[PDB]
Amino acid sequence: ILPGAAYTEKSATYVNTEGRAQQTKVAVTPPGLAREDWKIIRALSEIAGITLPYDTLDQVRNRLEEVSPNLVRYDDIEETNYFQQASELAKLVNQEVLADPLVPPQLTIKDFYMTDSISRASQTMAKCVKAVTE
Amino acid sequence: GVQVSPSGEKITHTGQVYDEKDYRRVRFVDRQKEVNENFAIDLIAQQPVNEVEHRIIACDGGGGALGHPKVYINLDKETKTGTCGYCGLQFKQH
Amino acid sequence: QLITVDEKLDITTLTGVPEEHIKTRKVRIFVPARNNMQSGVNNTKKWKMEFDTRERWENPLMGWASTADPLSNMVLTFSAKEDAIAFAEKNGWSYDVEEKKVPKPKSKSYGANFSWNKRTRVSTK
Amino acid sequence: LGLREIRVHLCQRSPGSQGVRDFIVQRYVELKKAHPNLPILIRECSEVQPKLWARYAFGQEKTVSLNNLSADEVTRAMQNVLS
Amino acid sequence: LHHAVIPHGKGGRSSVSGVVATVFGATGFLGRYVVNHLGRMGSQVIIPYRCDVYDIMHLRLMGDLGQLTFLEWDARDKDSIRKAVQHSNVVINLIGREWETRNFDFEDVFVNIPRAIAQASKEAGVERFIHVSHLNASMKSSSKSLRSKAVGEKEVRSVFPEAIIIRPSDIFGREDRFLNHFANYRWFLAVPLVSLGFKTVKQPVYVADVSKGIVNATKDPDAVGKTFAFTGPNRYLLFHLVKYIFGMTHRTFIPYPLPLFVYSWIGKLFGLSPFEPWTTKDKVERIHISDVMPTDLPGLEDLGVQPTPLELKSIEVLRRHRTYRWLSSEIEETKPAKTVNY
Amino acid sequence: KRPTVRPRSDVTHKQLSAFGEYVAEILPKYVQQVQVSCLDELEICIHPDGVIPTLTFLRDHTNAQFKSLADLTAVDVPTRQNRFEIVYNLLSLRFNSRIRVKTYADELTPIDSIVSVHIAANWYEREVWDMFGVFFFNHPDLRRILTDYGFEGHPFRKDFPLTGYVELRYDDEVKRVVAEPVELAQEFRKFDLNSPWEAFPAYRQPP
Amino acid sequence: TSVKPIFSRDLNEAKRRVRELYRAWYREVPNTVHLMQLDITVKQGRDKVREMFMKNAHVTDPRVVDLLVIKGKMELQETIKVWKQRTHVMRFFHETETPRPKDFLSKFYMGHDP
Ligand SMILES: NC(=O)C1=CN([C@@H]2O[C@H](COP(=O)(O)OP(=O)(O)OC[C@H]3O[C@@H](n4cnc5c(N)ncnc54)[C@H](OP(=O)(O)O)[C@@H]3O)[C@@H](O)[C@H]2O)C=CC1
Ligand SMILES: [Zn+2]
């Protein structure tokens, strides 16, 4: 096990459904011997023979620019296009739908308060569920 | 409320007793931790419930300028009893 | 007479601070967001300059929050963004800017609460 | 050794990227039908110089600035990448 | 791993390391540097003391609030040692004397007290134990101190394995009993040396080096069943070393030979003293046996300290002994000592 | 008649505005933005080339015998590019009135010294240098006063942290008072206190 | 761009003063090793002098160099005289402060900082 950090504990990008990249700012430092995640990966690499080229966070942002430069553009939605090609390209394949309905899993508010690890570990979410189911 | 823990230390009204593996018990060697015996939970629970006539009343601490700011408590419920915020005095009406 | 210094203005050797809090430190220039518990907007209207937070730990004696960095509570106040950019470039710090956020102007009407056709017909008062 | 990922970078409005957009709308479906298991990532931004990256077996990447390049020249550089 | 022994901070005062340590010879000469190097990075240091509180004041500092806990003890009385190691991770034995007393002999300093301390450490459940023997510690040696120290080094393994046994040479420092001891031979108008100092080799070490070594060994995942030879560089021949001492201390130098039996009798009648003696038979014996070539063992550089030459730190020790007319003299005016390898 | 609020005068306001016109029209080459506060205080603002002539003028003129220096200060304002707003507080003793003279500076735009006018300004200029870093030309000594000897920094700047960058304690290894990097057993709890409601519309900075 | 000078037309006229200052420090060090009973060698003192000079060798603005010359002349005043002590003089050497690592992995092993 390699303890990482949380969104309250690392400057990090998280792209939304729109595509807007958004930078977290570190509030509290992670506890114990827990560290940032890319930091752990680069340390692993240096213990191996790889030794990834970057040492700091801005270098990682340069790498993100090299891969996908929609990410450094914080709070900057960018107009995408080229849906007609995907239409032409999906019209080819022949996978058929089922004659079976589709219920979402979050069917009621009872299933909203617990969706991930953090919400699973929560006295308040559990109190809310205890109140919703009763 | 001065129950002890299996380690042997005293416990405060804030359940605080150092764990058996905590190195910060050294400071209590040839020494002692100051912990108060008179708990406020027990001592405010060892008080009666003040029957009153009205449905709204006023609670100062009891000395006027020596108590707390004058607040007002409703007593319409009968499932429970009113309770001051500053002090913990309880009230009811018949 | 005058002097032809075209290169960037630099002051780091004069402030007498160490290299760590010049190169390692990152700055955030921003207009502080409104506290949503209040509808007041005067704690906005000025730009600021914070530093990246660092490790805070508990002193084993009492539990006090300790620090090893002195720029924990460093907060400055500027009236424009150009001035803060200038100050950060001048003191050798690397910055990251948050452009201004203004609320949209909205068409408010009290008579829309009593509509005949629309769904703005509120049912309480 | 072998090719694993291509990815293209461009703009929607800077004319130095034109020839890449035309190349996309002309040849992308053909290229994907030719290479249905390969991924090739098209990511467009506001104001950047176009590029073309080629991700080989290890972390081995190769750039070529195809700025102000007609679509035929784009396709030629791309076939040079593929071969 | 308890949450309170997790290291935090930038490695300094007002920080945390997880190095809760009982240091038993803390009121001495090496222990003060050990406690200083521990408090300098943030670490609780339990310090058992039998002396008067006047002689623990210099240790009252060198640590942030609550990180220095003193409690009184007695080697005769067990339950004054379990009480100390009850909450610790590390234990560092520095106990030692350069003379016997009516109450405590060398056996009852180097053998029976480490055995008790290590028994208490194993029963309490601590992780480490740093014992400090001597480089020349050998069961077939000439001195009661050295044989007792080898016996203790063996019995500590027999009781508490997973231990660390450091074997320094004769240490020098500001308030040592090595350079000051050779420099106080000016009050006698000539210095005696067995065989005029030749056929004797000394490889001294500095206090800071041993202290940093101990303070890293209490954090190194290595050094669990390893002995060490804290020797330092520049093996020296005794005549040239005393000549360097009496040049840096610019007084004079009148050497002359002396046998070992009469110098032993001198040490004996000097050790006839209720106070701290100036000389003893075991001290003469320990002075006039050479230091082992230590290259069969790791040393400092296998632990994270680059050893310090005597020539760079000796003036700090020896300027105390100078007079006026020489006190304002520098390090580079003493034609340094002649080194040997042998 | 209003007991809670302060009583206001008229004659002092008129007097000091007239004297501001006087100084303005008599010393135009150096003067900027003469002003008179609500409370009766005159405040002249000066180009740094005008320090010695303005101070000598107010010291030695007959209608302006400002021959006693009360303070020489500075105010670090990182917003304006010329940060340090250097101030001179002077009194007359012939007319029983005070005046304020101001000029600006930067880390690399020093100012003429004033010891040729008021000898009081020696230690005050040394203090401004020690605290803000404003060099002063043709000053006799111009060394620190208040800070430690081997001190790196100009404290009363706003860009300097309150707790400093170094910390002291005595080490037995070296037998000295060594300077170590700052590390607090308790971080200074900064508080955000400015209410988000305009209390003073008269000073309403418009957008 | 068209700014005022202080004690300097441009960089060579300032490097002149810089070398004068290095000269004064080099001549002064052996007197301070003697007056205040320092326990170091004259070589490492002058090495510290050259080090604290090279800490500012990356700069080009003449005004910065002039203010640095001024600060160094102040320090040289305090050091020629014995206003300051063995403490403030040995405060340059960092004889207690453990060396701040410059490797990634040690930083990762102790601390969250870069
Ligand atoms: N030149 C040197 O110093 C060298 C030392 N060593 C080893 O280093 C270790 C420490 O050296 P050093 O620091 O000089 O020793 P010190 O004599 O300087 O101080 C040793 C400590 O031992 C304690 N002590 C001694 N006898 C007893 C006793 N009978 N009961 C309880 N406590 C006792 C003293 O406590 P108090 O003073 O309060 O009684 C003192 O604090 C020793 O183990 C020694 O073998 C090895 C080589 C060189
Ligand atoms: Zn009440």
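Draft legend 1. Examining the overall build of chain B more closely. For chain B, the helix and strand inventory stands at one helix and five strands. The order of helices and strands in chain B, counted from the N terminus, is α-β-β-β-β-β. The C-alpha radius of gyration of chain B comes to 20 Å, more than 25% above the 12 Å expected for a compact globule of 94 residues. The buried share among the 94 residues of chain B stands at 29%. For chain B, contacts bridging at least 24 residues in sequence account for 32% of all contacts bridging at least 6. As displayed, chain B has an accessible area near 6700 Å², and 50% of this comes from carbon and sulfur atoms. Taking the average location of the 12 positive side-chain charges in chain B and that of its 13 negative ones, the two points are 5 Å from each other.

Draft legend 2. The coordination of the zinc ion (ligand 2), seen in detail. All names here are of chain B. Coordination of the zinc ion (ligand 2) by the protein comes from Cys-59 (SG), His-68 (NE2), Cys-84 (SG) and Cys-87 (SG), over a distance range of 2.0 to 2.4 Å. One can describe the donor arrangement at the zinc ion (ligand 2) as tetrahedral, given that its four donor atoms subtend angles of 100 to 126 degrees at the metal. In primary-sequence terms, the residues that donate to the zinc ion (ligand 2) follow C-x8-H-x15-C-x2-C. On the criterion of sequence distance, the pair formed by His-68 in the loop between β2 (56-59) and β3 (71-74) and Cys-87 in the loop between β4 (82-83) and β5 (90-93) is long-range, its members being 19 residues apart.

Draft legend 3. Seen up close, the pattern of salt bridges. Per the counting criterion, the structure on display carries 64 salt bridges over all chains. Here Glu175(E) and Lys175(F) are joined by a salt bridge, their closest N and O atoms 4.0 Å apart. Pair noted here: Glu175(E) is in the loop between β7 (171-172) and α7 (179-183) and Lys175(F) is in the loop between β8 (166-171) and β9 (176-181), and the two residues belong to different chains. Residue classification places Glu175(E) among the partly exposed positions, given a relative accessible area of 27%. When the shortest N-O distance is used, the salt bridge between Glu43(F) and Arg100(F) registers 2.3 Å. In this pair, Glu43(F) sits in strand β2 (residues 42-46) while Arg100(F) sits in strand β5 (residues 98-104), placing the two residues 57 residues apart along the sequence. Relative accessible area serves as the criterion here: at 9%, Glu43(F) is assigned to the buried category. Put simply, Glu20(C), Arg25(C), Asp52(C), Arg54(C), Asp69(C), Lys10(E), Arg100(G) and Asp113(G) are held in one network by salt bridges that share partners.

Draft legend 4. Layout of the site of ligand 1. All names here are of chain E. Surrounding ligand 1, one finds 20 residues, the nearest of these being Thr-27, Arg-50, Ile-95, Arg-97 and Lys-149. Within the contact set of ligand 1, an oxygen atom lies 2.6 Å away from a side-chain nitrogen or oxygen of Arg-50. Here an oxygen atom of ligand 1 and a backbone polar atom of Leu-94 are 3.5 Å apart. Here the shell around ligand 1 is built from residues that sort into ten nonpolar, six polar and four charged.

The rules we used
- Residues numbered from 1 in each chain as written, not as in the entry; some residues may be left out.
- Chains lettered and ligands numbered in written order.
- Part of a larger assembly, values for the part shown.
- Heavy atoms only, no water.
- Helix = DSSP H or I, 4+ residues; strand = E, 2+ residues; numbered from the N terminus.
- Rg over C-alpha atoms; globule rule 2.2 N^0.38 Å.
- Buried < 20%, exposed > 50% of the residue type's maximum accessible area, 1.4 Å probe, protein only.
- Contact = heavy atoms within 4.5 Å.
- Areas by Shrake-Rupley, 256 points an atom, 1.4 Å probe, with all protein chains shown as cover.
- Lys, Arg positive; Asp, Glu negative; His and termini not counted.
- Charge placed at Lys NZ, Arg CZ, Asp CG, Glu CD.
- Donors = N, O, S within 2.8 Å, 3.2 Å for Na, K, Ca; no water.
- Tetrahedral: all angles 85-135°; square planar, octahedral: opposite > 155°, others 65-115°.
- Salt bridge = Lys/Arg side-chain N within 4 Å of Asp/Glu carboxyl O.
- Near = heavy atom within 4 Å.
- Polar contact = N/O pair within 3.5 Å; in protein donor to acceptor, adjacent residues only side chain to side chain.
- Nonpolar A, V, L, I, M, F, W, Y, C, P; charged D, E, K, R; others polar.

Fair warning: the whole summary comes from geometry, so function is off the table for now.
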